[PDB]
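S.K.: If it helps, the file is called upload-v9.pdb and holds PDB, N, CA and C atoms:
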ATOM      1  N   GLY C   1       3.490  13.393  -8.639
ATOM      2  CA  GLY C   1       4.260  12.280  -8.016
ATOM      3  C   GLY C   1       3.388  11.086  -7.679
ATOM      4  N   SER C   2       3.848   9.895  -8.055
ATOM      5  CA  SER C   2       3.101   8.671  -7.786
ATOM      6  C   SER C   2       3.777   7.858  -6.690
ATOM      7  N   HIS C   3       4.231   8.553  -5.653
ATOM      8  CA  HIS C   3       4.896   7.913  -4.532
ATOM      9  C   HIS C   3       3.885   7.461  -3.488
ATOM     10  N   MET C   4       2.957   6.600  -3.895
ATOM     11  CA  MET C   4       1.943   6.096  -2.978
ATOM     12  C   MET C   4       2.553   5.115  -1.975
ATOM     13  N   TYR C   5       3.797   5.369  -1.570
ATOM     14  CA  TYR C   5       4.479   4.526  -0.609
ATOM     15  C   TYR C   5       3.697   4.483   0.694
ATOM     16  N   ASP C   6       2.897   5.521   0.916
ATOM     17  CA  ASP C   6       2.080   5.619   2.113
ATOM     18  C   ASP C   6       1.163   4.411   2.241
ATOM     19  N   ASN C   7       0.765   3.857   1.101
ATOM     20  CA  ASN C   7      -0.093   2.691   1.081
ATOM     21  C   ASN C   7       0.560   1.516   1.795
ATOM     22  N   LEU C   8       1.880   1.438   1.686
ATOM     23  CA  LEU C   8       2.641   0.361   2.309
ATOM     24  C   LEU C   8       2.417   0.367   3.825
ATOM     25  N   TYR C   9       2.112   1.551   4.366
ATOM     26  CA  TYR C   9       1.817   1.714   5.794
ATOM     27  C   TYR C   9       0.627   0.832   6.184
ATOM     28  N   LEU C  10      -0.050   0.321   5.155
ATOM     29  CA  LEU C  10      -1.228  -0.529   5.271
ATOM     30  C   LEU C  10      -1.374  -1.227   6.620
ATOM     31  N   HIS C  11      -2.077  -0.556   7.519
ATOM     32  CA  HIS C  11      -2.337  -1.073   8.852
ATOM     33  C   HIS C  11      -3.321  -2.248   8.823
ATOM     34  N   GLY C  12      -4.378  -2.149   8.006
ATOM     35  CA  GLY C  12      -5.353  -3.235   7.950
ATOM     36  C   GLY C  12      -6.279  -3.210   6.737
ATOM     37  N   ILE C  13      -5.712  -3.412   5.550
ATOM     38  CA  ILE C  13      -6.481  -3.449   4.301
ATOM     39  C   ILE C  13      -5.676  -4.177   3.217
ATOM     40  N   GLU C  14      -5.554  -5.489   3.347
ATOM     41  CA  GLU C  14      -4.782  -6.272   2.377
ATOM     42  C   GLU C  14      -5.430  -6.270   1.003
ATOM     43  N   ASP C  15      -4.587  -6.332  -0.023
ATOM     44  CA  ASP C  15      -5.063  -6.307  -1.404
ATOM     45  C   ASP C  15      -3.948  -6.639  -2.395
ATOM     46  N   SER C  16      -3.454  -7.866  -2.321
ATOM     47  CA  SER C  16      -2.399  -8.354  -3.197
ATOM     48  C   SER C  16      -1.069  -7.646  -2.977
ATOM     49  N   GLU C  17      -0.741  -6.795  -3.929
ATOM     50  CA  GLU C  17       0.499  -6.053  -3.943
ATOM     51  C   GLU C  17       0.489  -4.947  -2.889
ATOM     52  N   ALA C  18       1.668  -4.606  -2.376
ATOM     53  CA  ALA C  18       1.785  -3.589  -1.340
ATOM     54  C   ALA C  18       1.825  -2.188  -1.920
ATOM     55  N   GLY C  19       2.973  -1.825  -2.451
ATOM     56  CA  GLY C  19       3.133  -0.510  -3.021
ATOM     57  C   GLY C  19       4.305  -0.418  -3.963
ATOM     58  N   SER C  20       5.354   0.255  -3.519
ATOM     59  CA  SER C  20       6.534   0.433  -4.324
ATOM     60  C   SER C  20       7.682   0.949  -3.478
ATOM     61  N   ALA C  21       8.872   0.558  -3.890
ATOM     62  CA  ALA C  21      10.131   0.888  -3.216
ATOM     63  C   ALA C  21       9.922   1.619  -1.898
ATOM     64  N   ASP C  22       9.365   0.903  -0.922
ATOM     65  CA  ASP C  22       9.111   1.483   0.381
ATOM     66  C   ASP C  22       9.328   0.473   1.504
ATOM     67  N   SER C  23       9.842   0.977   2.633
ATOM     68  CA  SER C  23      10.174   0.160   3.797
ATOM     69  C   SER C  23       9.004  -0.046   4.752
ATOM     70  N   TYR C  24       8.103  -0.933   4.356
ATOM     71  CA  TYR C  24       6.949  -1.292   5.163
ATOM     72  C   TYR C  24       6.384  -2.635   4.683
ATOM     73  N   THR C  25       6.053  -3.532   5.610
ATOM     74  CA  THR C  25       5.505  -4.819   5.244
ATOM     75  C   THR C  25       4.001  -4.714   5.252
ATOM     76  N   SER C  26       3.346  -5.638   4.571
ATOM     77  CA  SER C  26       1.890  -5.631   4.444
ATOM     78  C   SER C  26       1.167  -5.747   5.781
ATOM     79  N   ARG C  27       1.723  -6.505   6.710
ATOM     80  CA  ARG C  27       1.085  -6.674   8.005
ATOM     81  C   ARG C  27       2.049  -7.195   9.071
ATOM     82  N   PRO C  28       2.839  -8.233   8.757
ATOM     83  CA  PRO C  28       3.758  -8.838   9.718
ATOM     84  C   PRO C  28       4.980  -7.994  10.081
ATOM     85  N   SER C  29       5.341  -6.965   9.299
ATOM     86  CA  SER C  29       6.539  -6.207   9.672
ATOM     87  C   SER C  29       6.769  -4.869   8.924
ATOM     88  N   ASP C  30       8.008  -4.720   8.432
ATOM     89  CA  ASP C  30       8.507  -3.551   7.718
ATOM     90  C   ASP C  30       9.590  -3.997   6.740
ATOM     91  N   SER C  31       9.435  -3.669   5.465
ATOM     92  CA  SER C  31      10.408  -4.066   4.455
ATOM     93  C   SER C  31      10.432  -3.072   3.303
ATOM     94  N   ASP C  32      11.632  -2.630   2.923
ATOM     95  CA  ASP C  32      11.776  -1.668   1.839
ATOM     96  C   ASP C  32      12.101  -2.333   0.526
ATOM     97  N   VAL C  33      11.174  -2.273  -0.429
ATOM     98  CA  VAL C  33      11.423  -2.874  -1.725
ATOM     99  C   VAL C  33      10.484  -2.365  -2.822
ATOM    100  N   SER C  34      11.004  -2.342  -4.060
ATOM    101  CA  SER C  34      10.250  -1.872  -5.226
ATOM    102  C   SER C  34       9.038  -2.754  -5.516
ATOM    103  N   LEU C  35       8.050  -2.690  -4.629
ATOM    104  CA  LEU C  35       6.827  -3.473  -4.771
ATOM    105  C   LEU C  35       5.865  -2.896  -5.823
ATOM    106  N   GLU C  36       6.331  -1.927  -6.624
ATOM    107  CA  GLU C  36       5.500  -1.331  -7.681
ATOM    108  C   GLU C  36       5.129  -2.383  -8.722
ATOM    109  N   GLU C  37       5.755  -3.541  -8.594
ATOM    110  CA  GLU C  37       5.555  -4.669  -9.487
ATOM    111  C   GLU C  37       4.144  -5.259  -9.385
ATOM    112  N   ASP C  38       3.210  -4.518  -8.789
ATOM    113  CA  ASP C  38       1.844  -5.004  -8.627
ATOM    114  C   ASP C  38       1.260  -5.513  -9.937
ATOM    115  N   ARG C  39       0.683  -6.712  -9.875
ATOM    116  CA  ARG C  39       0.072  -7.321 -11.036
ATOM    117  C   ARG C  39      -0.986  -6.430 -11.630
ATOM    118  N   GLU C  40      -0.906  -6.232 -12.924
ATOM    119  CA  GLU C  40      -1.896  -5.431 -13.611
ATOM    120  C   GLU C  40      -3.269  -6.072 -13.453
ATOM    121  N   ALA C  41      -3.276  -7.369 -13.135
ATOM    122  CA  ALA C  41      -4.520  -8.093 -12.955
ATOM    123  C   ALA C  41      -5.270  -7.639 -11.703
ATOM    124  N   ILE C  42      -4.688  -7.926 -10.541
ATOM    125  CA  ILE C  42      -5.286  -7.563  -9.261
ATOM    126  C   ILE C  42      -4.941  -6.146  -8.809
ATOM    127  N   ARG C  43      -4.349  -5.340  -9.688
ATOM    128  CA  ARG C  43      -3.978  -3.981  -9.304
ATOM    129  C   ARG C  43      -5.215  -3.131  -9.097
ATOM    130  N   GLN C  44      -6.294  -3.466  -9.796
ATOM    131  CA  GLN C  44      -7.534  -2.730  -9.631
ATOM    132  C   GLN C  44      -7.917  -2.746  -8.159
ATOM    133  N   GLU C  45      -7.827  -3.930  -7.554
ATOM    134  CA  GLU C  45      -8.104  -4.077  -6.141
ATOM    135  C   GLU C  45      -7.065  -3.303  -5.347
ATOM    136  N   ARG C  46      -5.812  -3.417  -5.785
ATOM    137  CA  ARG C  46      -4.712  -2.731  -5.156
ATOM    138  C   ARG C  46      -4.980  -1.226  -5.125
ATOM    139  N   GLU C  47      -5.578  -0.698  -6.192
ATOM    140  CA  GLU C  47      -5.909   0.708  -6.245
ATOM    141  C   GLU C  47      -6.817   1.071  -5.089
ATOM    142  N   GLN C  48      -7.705   0.154  -4.733
ATOM    143  CA  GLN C  48      -8.590   0.380  -3.607
ATOM    144  C   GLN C  48      -7.745   0.626  -2.385
ATOM    145  N   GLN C  49      -6.561   0.015  -2.358
ATOM    146  CA  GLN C  49      -5.664   0.237  -1.263
ATOM    147  C   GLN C  49      -5.383   1.719  -1.157
ATOM    148  N   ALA C  50      -5.307   2.385  -2.312
ATOM    149  CA  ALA C  50      -5.083   3.819  -2.316
ATOM    150  C   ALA C  50      -6.100   4.479  -1.395
ATOM    151  N   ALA C  51      -7.331   3.948  -1.405
ATOM    152  CA  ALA C  51      -8.381   4.470  -0.539
ATOM    153  C   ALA C  51      -7.935   4.395   0.910
ATOM    154  N   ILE C  52      -7.176   3.351   1.227
ATOM    155  CA  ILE C  52      -6.657   3.173   2.575
ATOM    156  C   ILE C  52      -5.981   4.458   3.028
ATOM    157  N   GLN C  53      -5.353   5.160   2.079
ATOM    158  CA  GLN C  53      -4.692   6.412   2.379
ATOM    159  C   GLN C  53      -5.635   7.318   3.137
ATOM    160  N   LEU C  54      -6.887   7.309   2.710
ATOM    161  CA  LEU C  54      -7.916   8.082   3.369
ATOM    162  C   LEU C  54      -8.030   7.601   4.804
ATOM    163  N   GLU C  55      -7.987   6.280   4.963
ATOM    164  CA  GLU C  55      -8.030   5.665   6.270
ATOM    165  C   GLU C  55      -6.818   6.107   7.088
ATOM    166  N   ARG C  56      -5.661   6.148   6.427
ATOM    167  CA  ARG C  56      -4.418   6.562   7.065
ATOM    168  C   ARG C  56      -4.497   8.021   7.505
ATOM    169  N   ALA C  57      -5.198   8.829   6.716
ATOM    170  CA  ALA C  57      -5.365  10.246   7.023
ATOM    171  C   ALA C  57      -5.967  10.439   8.412
ATOM    172  N   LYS C  58      -6.780   9.474   8.839
ATOM    173  CA  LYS C  58      -7.417   9.530  10.142
ATOM    174  C   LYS C  58      -6.382   9.502  11.270
ATOM    175  N   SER C  59      -5.142   9.157  10.933
ATOM    176  CA  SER C  59      -4.070   9.098  11.918
ATOM    177  C   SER C  59      -3.752  10.487  12.460
ATOM    178  N   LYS C  60      -3.638  10.587  13.781
ATOM    179  CA  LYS C  60      -3.340  11.848  14.443
ATOM    180  C   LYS C  60      -1.879  11.913  14.906
ATOM    181  N   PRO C  61      -0.913  11.936  13.972
ATOM    182  CA  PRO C  61       0.510  11.999  14.321
ATOM    183  C   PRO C  61       0.871  13.295  15.039
TER     184      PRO C  61
END
Starting from the file, lay out its structure as structure tokens.

M.R.:
Amino acid sequence: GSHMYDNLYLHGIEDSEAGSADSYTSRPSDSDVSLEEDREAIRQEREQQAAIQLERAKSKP
């Protein structure tokens, strides 16, 4: 599964595109939309956002 919607949770690691069909804004809020439309150009950087997931893992829910 490539549901990296968790990336949208992006608390503090901007990188162009957000994620994909998920209800979370990049920083100012929360919005659900098919943001999988990430540019193939800057997506490499966006992939680094995936690393953010590791950062998110630090969350103690």

S.K.: Taking the file above as input, evaluate the PyMOL selection byres ((chain C and resi 48-61) around 6.5) and report the hits as an mmCIF file with N, CA and C atoms, in the frame of the given file.

M.R.:
data_model
loop_
_atom_site.group_PDB
_atom_site.id
_atom_site.type_symbol
_atom_site.label_atom_id
_atom_site.label_comp_id
_atom_site.auth_asym_id
_atom_site.auth_seq_id
_atom_site.Cartn_x
_atom_site.Cartn_y
_atom_site.Cartn_z
ATOM 1 N N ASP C 6 2.897 5.521 0.916
ATOM 2 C CA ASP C 6 2.080 5.619 2.113
ATOM 3 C C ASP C 6 1.163 4.411 2.241
ATOM 4 N N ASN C 7 0.765 3.857 1.101
ATOM 5 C CA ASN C 7 -0.093 2.691 1.081
ATOM 6 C C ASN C 7 0.560 1.516 1.795
ATOM 7 N N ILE C 13 -5.712 -3.412 5.550
ATOM 8 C CA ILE C 13 -6.481 -3.449 4.301
ATOM 9 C C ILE C 13 -5.676 -4.177 3.217
ATOM 10 N N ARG C 43 -4.349 -5.340 -9.688
ATOM 11 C CA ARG C 43 -3.978 -3.981 -9.304
ATOM 12 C C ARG C 43 -5.215 -3.131 -9.097
ATOM 13 N N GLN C 44 -6.294 -3.466 -9.796
ATOM 14 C CA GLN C 44 -7.534 -2.730 -9.631
ATOM 15 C C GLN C 44 -7.917 -2.746 -8.159
ATOM 16 N N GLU C 45 -7.827 -3.930 -7.554
ATOM 17 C CA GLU C 45 -8.104 -4.077 -6.141
ATOM 18 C C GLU C 45 -7.065 -3.303 -5.347
ATOM 19 N N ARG C 46 -5.812 -3.417 -5.785
ATOM 20 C CA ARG C 46 -4.712 -2.731 -5.156
ATOM 21 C C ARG C 46 -4.980 -1.226 -5.125
ATOM 22 N N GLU C 47 -5.578 -0.698 -6.192
ATOM 23 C CA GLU C 47 -5.909 0.708 -6.245
ATOM 24 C C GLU C 47 -6.817 1.071 -5.089
#

S.K.: Give me, please, the distance in Å between CA of residue 9 (chain C) and CA of residue 28 (chain C), quoted to one decimal.

M.R.: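 Distance reported for this atom pair: 11.4 Å.
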
S.K.: When you count all atoms listed in the file, which of these residues is closest to residue 27 (chain C): C:3, C:10, C:42, C:15?

M.R.: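 Of all the options, C:10 lies closest to residue 27 (chain C).
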
S.K.: What gap, in Å, lies between atom C of residue 11 (chain C) and atom C of residue 26 (chain C)?

M.R.: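 Pair atom C of residue 11 (chain C) / atom C of residue 26 (chain C) returns 6.5 Å.
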
S.K.: Per DSSP on the backbone, what are the alpha helix (DSSP H) residues of chain C, as a compact mmCIF listing (two decimals) with N, CA and C atoms, in the frame of the given file?

M.R.:
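Wrote part29.txt, looks like this:
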# COMPACT_ATOMS: atom_id res chain seq x y z
N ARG C 43 -4.35 -5.34 -9.69
CA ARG C 43 -3.98 -3.98 -9.30
C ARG C 43 -5.22 -3.13 -9.10
N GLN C 44 -6.29 -3.47 -9.80
CA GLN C 44 -7.53 -2.73 -9.63
C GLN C 44 -7.92 -2.75 -8.16
N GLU C 45 -7.83 -3.93 -7.55
CA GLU C 45 -8.10 -4.08 -6.14
C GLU C 45 -7.06 -3.30 -5.35
N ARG C 46 -5.81 -3.42 -5.78
CA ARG C 46 -4.71 -2.73 -5.16
C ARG C 46 -4.98 -1.23 -5.12
N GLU C 47 -5.58 -0.70 -6.19
CA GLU C 47 -5.91 0.71 -6.24
C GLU C 47 -6.82 1.07 -5.09
N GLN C 48 -7.70 0.15 -4.73
CA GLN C 48 -8.59 0.38 -3.61
C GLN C 48 -7.74 0.63 -2.38
N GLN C 49 -6.56 0.02 -2.36
CA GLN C 49 -5.66 0.24 -1.26
C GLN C 49 -5.38 1.72 -1.16
N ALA C 50 -5.31 2.38 -2.31
CA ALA C 50 -5.08 3.82 -2.32
C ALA C 50 -6.10 4.48 -1.40
N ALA C 51 -7.33 3.95 -1.40
CA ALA C 51 -8.38 4.47 -0.54
C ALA C 51 -7.94 4.39 0.91
N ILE C 52 -7.18 3.35 1.23
CA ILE C 52 -6.66 3.17 2.58
C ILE C 52 -5.98 4.46 3.03
N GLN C 53 -5.35 5.16 2.08
CA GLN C 53 -4.69 6.41 2.38
C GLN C 53 -5.64 7.32 3.14
N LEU C 54 -6.89 7.31 2.71
CA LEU C 54 -7.92 8.08 3.37
C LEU C 54 -8.03 7.60 4.80
N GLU C 55 -7.99 6.28 4.96
CA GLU C 55 -8.03 5.66 6.27
C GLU C 55 -6.82 6.11 7.09
N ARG C 56 -5.66 6.15 6.43
CA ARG C 56 -4.42 6.56 7.06
C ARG C 56 -4.50 8.02 7.50
N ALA C 57 -5.20 8.83 6.72
CA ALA C 57 -5.36 10.25 7.02
C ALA C 57 -5.97 10.44 8.41

S.K.: Quick one: axis-aligned box around all listed atoms of region 16-32 of chain C, 6 Å on every side, centre and edge lengths in Å to one decimal, written as JSON.

M.R.:
{"center_x": 4.3, "center_y": -3.6, "center_z": 2.9, "size_x": 27.6, "size_y": 22.5, "size_z": 26.4}

S.K.: Between atom N of residue 34 (chain C) and atom N of residue 20 (chain C), measure the distance and give it in Å to one decimal.

M.R.: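 Here the two named atoms are 6.2 Å from each other.
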
S.K.: From a DSSP calculation on the backbone, collect every residue of chain C in strand (DSSP E or B) and output the set as a PyMOL selection string.

M.R.: chain C and resi 22-23+32-33
